[PDB]
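Here is the structure we will look at, set down as C-alpha cells.
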Amino acid sequence: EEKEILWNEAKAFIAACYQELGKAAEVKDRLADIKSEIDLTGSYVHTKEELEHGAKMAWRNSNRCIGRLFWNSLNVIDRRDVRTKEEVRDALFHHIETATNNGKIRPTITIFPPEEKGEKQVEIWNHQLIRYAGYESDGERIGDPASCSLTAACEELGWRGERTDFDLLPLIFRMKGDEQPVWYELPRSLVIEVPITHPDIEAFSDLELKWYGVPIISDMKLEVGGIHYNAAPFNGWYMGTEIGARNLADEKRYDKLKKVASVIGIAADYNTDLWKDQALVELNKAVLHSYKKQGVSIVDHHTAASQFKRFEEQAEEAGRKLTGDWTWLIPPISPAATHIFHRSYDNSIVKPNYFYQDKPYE
Ligand code: HEM
Ligand SMILES: Nc1ccc2ccc(COc3cccc(CNCc4ccccn4)c3)cc2n1
Ligand SMILES: [Cl-]
C-alpha cells in the first residue's frame with residue numbers, strides 16, 4: 001500500500017550513511033537485499049552499524065540542539081530484542097545507571113523495537129525517565145506543574161505520591177496487546193540528585209532546592225531510513241540555564257525567583273531594580289556551582305555556545321549544510337553575549353531526526 005515511501009527513505013539513508021562510513025561500494029548490494037526484504041515482508045531491518053550511525057545522524061540534524069558538537073560520540077544501545085515488560089523495565093534501569101556513570105554523564109540512547117506497520121511494540125508514557133510529580137488540589141500547588149497530567153494518570157493506575165515537592169514519578173509504559181500501561185517505582189540508588197547551594201551566600205540552602213542529575217528524554221520518535229523508533233530514550237548532560245532559568249524559575253514551573261531575591265537580600269518591589277535579572281544570575285551561578293561540587297557533569301551556556309561554534313566550523317569543513325533553530329539555540333540568560341544571537345540559521349528539517357509524537361494520556 002505504502003511500501004514505496006519506505007523504499008525511497010531507505011535509498012536516501014543507505015546512500016548517505018555508507019558514504020560517510022567510507023563504504024559506498026557496498027551500497028548497491030545492500031539496496032538489493034533491502035528491496036527483496038521489503039517486498040517479501042513489508043519492512044527491513046537495520047544493521048548494528050546502520051542503527052548506530054543513524055541515531056548519531058539524527059542528533060547532528062536536531063536544529064534546536066546547542067550541544068551537537070559531540071554527535072559522533074553518542075553511546076548507542078541496541079535493545080530491539082526485548083519482548084517482555086520486565087525486559088523493557090530492566091533496559092530502562094540499565095540506561096539510567098550507564099548514562100549516569102557515577103556523575104561523569106555519558107550521552108546514551110537505548111533503542112527499542114520499531115513500529116511494525118503503524119503499531120507500537122512499546123509505548124513509553126514518561127516525558128523523561130527521571131522527573132518530579134506535580135499536584136493541584138484545593139488551590140494548593142505541590143511539586144512540578146508540568147507533571148500534573150501524567151501524575152493524575154499514574155494515580156488512576158494505583159500509584160500514590162508522598163506529595164513532597166520532589167516526588168520521583170514511576171516508570172510507566174504500555175506493551176503491545178495490553179489495554180493498560182504498567183508502572184514501576186524507581187530505585188533511589190539509581191537516581192543522583194544535587195542539592196542547590198551558592199558559592200558565597202550561605203543562606204541559599206534555606207530554599208531547600210534540588211534537581212536530578214540526568215535529563216533522559218523518553219517521549220520522542222527516532223526516524224532512520226523510513227523505520228520509526230517511537231521508543232528510544234536518550235540523554236545528554238544539562239546546560240545550567242535549563243534548571244536555573246526555566247525549571248526552577250518559570251512562573252508555571254517551580255516559580256522560585258521571589259524567594260531567591262529574599263535570600264540574596266534584595267528587594268523585589270520595582271521593575272527598574274532588575275531584581276528578577278539579578279536573582280536569575282545568582283540562581284544560575286548556584287546551579288553550576290552545585291553540580292560541579294558534587295561531581296555531576298553540567299555545562300554553562302557560554303562554554304556550550306563556544307562548542308556550538310566549533311560544530312558549525314566542522315559542518316563547513318566536512319561540506320555539510322548546517323541547519324538550526326535560532327529561537328531555541330539562543331540561551332534564556334544573556335543571549336546577546338553569544339555568537340548565536342548575532343547570526344541566522346536555516347531551519348530546514350533533514351532526516352534522520354528526532355520528532356514529536358502524540359501523548360497517550362490526556
Ligand atoms: C551532550 C549534552 C547535550 C546538551 C548540553 C544539550 C543541550 C540542549 C538544550 C539546551 C536543548 C534545548 C532544550 C530547552 O530549551 O530546554 C536541547 C534540545 C535538543 N537536544 Fe540536545 N543537548 C545534548 C545532547 C543531546 C542528545 C544526546 C540528543 C539526542 C541523541 C539531543 C537532541 C536534542 C533534541 C532533539 C532537542 C530538541 C527537543 C525539542 O524539540 O523539544 N541532545 N539540547
Ligand atoms: N541538556 C539537554 C539534552 C537533551 C535534550 C533534549 C530535549 C530537550 C527538550 O527541551 C524542551 C522541551 C519543551 C520545552 C522546553 C522549553 N522551551 C524552550 C523554548 C521555548 C520558547 C521559545 C524558545 N525555546 C524545552 C532538552 C534537552 N536538554
Ligand atoms: Cl528538564
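Going through the C-alpha cells in order, the chains are called A, B, and so on, while each chain numbers its residues from 1 and the ligands are numbered from 1 in the order shown.
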Site check for ligand 3: residues at most 8 Å away, only C-alpha atoms and all ligand atoms, as a PDB file with N, CA and C atoms, in the first residue's frame:
```
ATOM      1  N   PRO A 215      19.028  14.418  32.523  1.00  0.00           N
ATOM      2  CA  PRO A 215      17.760  14.535  31.777  1.00  0.00           C
ATOM      3  C   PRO A 215      17.681  13.477  30.686  1.00  0.00           C
ATOM      4  N   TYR A 238      22.848  18.275  31.372  1.00  0.00           N
ATOM      5  CA  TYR A 238      22.153  19.558  31.358  1.00  0.00           C
ATOM      6  C   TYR A 238      23.075  20.705  30.929  1.00  0.00           C
ATOM      7  N   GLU A 242      18.865  25.503  31.744  1.00  0.00           N
ATOM      8  CA  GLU A 242      17.616  24.723  31.707  1.00  0.00           C
ATOM      9  C   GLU A 242      17.022  24.579  33.105  1.00  0.00           C
ATOM     10  N   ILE A 243      17.879  24.465  34.126  1.00  0.00           N
ATOM     11  CA  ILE A 243      17.456  24.319  35.509  1.00  0.00           C
ATOM     12  C   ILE A 243      17.245  25.678  36.154  1.00  0.00           C
ATOM     13  N   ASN A 247      13.323  25.564  34.730  1.00  0.00           N
ATOM     14  CA  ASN A 247      12.681  24.610  35.635  1.00  0.00           C
ATOM     15  C   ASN A 247      12.438  25.209  37.008  1.00  0.00           C
TER      16      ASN A 247
END
```
**Prompt:** Mind checking DSSP for region 18-91 of chain A and telling me the alpha helix (DSSP H) residues as number ranges by chain?
**Reply:** A: 18-20, 27-41, 48-60, 85-91
For residue 220 (chain A), find every residue with an atom within 10 Å (counting only C-alpha atoms), except residues of its own chain fewer than 6 positions away, and show them as a compact mmCIF listing (two decimals) with N, CA, C and O atoms, in the first residue's frame.
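The resulting file, out.txt, is shown below:
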```
# COMPACT_ATOMS: atom_id res chain seq x y z
N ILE A 124 6.21 4.41 25.69
CA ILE A 124 6.65 5.00 26.96
C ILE A 124 5.80 6.21 27.28
O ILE A 124 5.64 7.11 26.44
N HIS A 127 7.64 11.64 30.08
CA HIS A 127 8.34 12.64 29.26
C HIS A 127 9.88 12.53 29.43
O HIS A 127 10.60 12.51 28.44
N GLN A 128 10.38 12.44 30.65
CA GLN A 128 11.74 11.99 30.94
C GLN A 128 11.72 10.78 31.88
O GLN A 128 10.80 10.66 32.71
N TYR A 229 11.25 4.50 15.17
CA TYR A 229 11.55 4.04 16.53
C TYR A 229 10.89 4.98 17.53
O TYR A 229 11.52 5.91 18.07
N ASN A 230 9.60 4.72 17.81
CA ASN A 230 8.84 5.61 18.70
C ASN A 230 9.32 5.52 20.14
O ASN A 230 8.98 6.42 20.94
N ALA A 231 9.99 4.42 20.53
CA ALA A 231 10.51 4.24 21.89
C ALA A 231 12.05 4.17 21.79
O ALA A 231 12.63 3.14 21.41
N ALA A 232 12.73 5.31 22.12
CA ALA A 232 14.19 5.37 22.02
C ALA A 232 14.71 6.47 22.94
O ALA A 232 15.16 7.54 22.46
N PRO A 233 14.65 6.28 24.27
CA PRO A 233 15.04 7.37 25.19
C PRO A 233 16.52 7.71 25.07
O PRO A 233 17.35 6.83 24.82
N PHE A 234 16.84 9.01 25.22
CA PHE A 234 18.24 9.43 25.09
C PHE A 234 18.51 10.52 26.14
O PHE A 234 17.58 11.14 26.66
N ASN A 353 16.17 12.04 12.12
CA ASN A 353 15.93 13.13 13.07
C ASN A 353 15.08 12.58 14.21
O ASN A 353 14.61 11.43 14.15
N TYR A 354 14.94 13.38 15.28
CA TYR A 354 14.05 13.11 16.41
C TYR A 354 12.80 13.97 16.24
O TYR A 354 12.88 15.16 15.89
N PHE A 355 11.65 13.37 16.50
CA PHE A 355 10.38 14.06 16.24
C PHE A 355 9.42 13.93 17.42
O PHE A 355 9.48 12.97 18.19
N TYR A 356 8.54 14.92 17.53
CA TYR A 356 7.43 14.85 18.47
C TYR A 356 6.41 13.80 18.06
O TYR A 356 6.26 13.50 16.87
N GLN A 357 5.68 13.27 19.04
CA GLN A 357 4.56 12.37 18.78
C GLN A 357 3.49 12.62 19.84
O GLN A 357 3.76 13.20 20.90
N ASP A 358 2.25 12.21 19.51
CA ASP A 358 1.12 12.42 20.41
C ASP A 358 1.29 11.61 21.70
O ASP A 358 1.73 10.45 21.67
N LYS A 359 0.94 12.24 22.83
CA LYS A 359 0.99 11.59 24.12
C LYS A 359 -0.22 10.66 24.28
O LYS A 359 -1.31 10.95 23.77
```
**Request:** Counting only C-alpha atoms, figure out which residue out of A:225, A:319, A:332, A:143 gets nearest to residue 277 (chain A).
**Result:** A:332
**Item:** Non-local contacts of residue 86 (chain A) (12 Å; only C-alpha atoms; under 2 positions in same chain excluded) as a list in words
**Value:** residues 82, 83, 84, 88, 89, 90, 91, 92, 93, 171, 173, 174, 175, 182, 183 and 184 of chain A
Let's have the selection written as a compact mmCIF listing (two decimals), in the first residue's frame, with C-alpha atoms.
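Okay, this is what ended up in out11.txt:
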```
# COMPACT_ATOMS: atom_id res chain seq x y z
CA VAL A 82 13.15 -7.03 24.05
CA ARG A 83 9.74 -8.75 24.18
CA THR A 84 8.50 -8.51 27.80
CA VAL A 88 11.79 -3.08 29.00
CA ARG A 89 11.89 -2.15 32.69
CA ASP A 90 15.37 -3.53 33.15
CA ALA A 91 16.69 -1.84 29.94
CA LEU A 92 15.34 1.47 31.27
CA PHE A 93 17.03 0.82 34.64
CA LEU A 171 8.42 4.47 35.00
CA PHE A 173 4.89 2.21 29.72
CA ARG A 174 2.48 0.02 27.75
CA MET A 175 3.18 -3.19 25.78
CA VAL A 182 2.37 -0.89 33.86
CA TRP A 183 4.30 1.26 36.30
CA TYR A 184 7.45 0.59 38.39
```
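For the choices A:202, A:119, A:273, A:250, the atom-to-atom distance to ligand 1 is smallest for A:250 when using only C-alpha atoms and all ligand atoms.
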**DSSP strand (DSSP E or B) residues within region 109-348 of chain A, as a PyMOL selection string** = chain A and resi 109-111+122-124+128+132+134-137+140-143+168+171-175+182-184+193-195+210-212+216-217+221-224+227-229+234-235+239+299
**Complete:** As a check of understanding: the span from CA of residue 168 (chain A) to CA of residue 131 (chain A) is 5.9 Å
